[PDB]
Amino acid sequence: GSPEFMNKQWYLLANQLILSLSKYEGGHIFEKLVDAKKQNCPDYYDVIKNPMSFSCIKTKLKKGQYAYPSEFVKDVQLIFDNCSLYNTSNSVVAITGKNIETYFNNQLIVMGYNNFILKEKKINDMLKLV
């Protein structure tokens, strides 16, 4: 397809997808960066050195700071990885995090978003062939 047209497309799906995650059940705990004091987890940024939240990703989208479709997924997946790292598997937060992660990955399938990630790869090979 048209290269800039494609970029407009997956940008639209990303902005849609981050919004669905904000409204999904429990998504509000990933909306903002954790305030270690107000959540009384005062060791959070001793454990999590690469913090990420839905609002950070929204700002990147708004600022046009994603060059590839995989870069958006990587940031969302980072939220889920921080969540499972910090919270024990039998905790409310860990369980909530795995529920949103399953939903995010399934939206990637339903929305055709993964085809944009596949496209990104072959273009970079097509560029390697030059």
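Under this definition, the rigid core comprises the largest set of C-alpha atoms superposing within 1.5 Å between the forms. For every residue, the number given is its place in the sequence shown, counted from 1.
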item: RMS CA shift, core-fitted in 4 other deposited structures of this protein, bigger for 90 to 98 or for 43 to 51; value: 43 to 51
item: Larger mean CA deviation from the shown form in 4 other deposited structures of this protein [core fit; 21 to 29 vs 118 to 126]; value: 118 to 126
item: Average Cα temperature factor in the PDB entry - higher stretch of 32 to 40, 87 to 95; value: 32 to 40
item: 73 to 81 versus 59 to 67 - which carries the larger mean C-alpha B factor in the record; value: 59 to 67
item: Most elevated Cα B-factor in the entry, residues 21, 14, 117, 108; value: 117
item: Within-chain third of residue 103 by Cα B-factor, per the entry; value: lowest
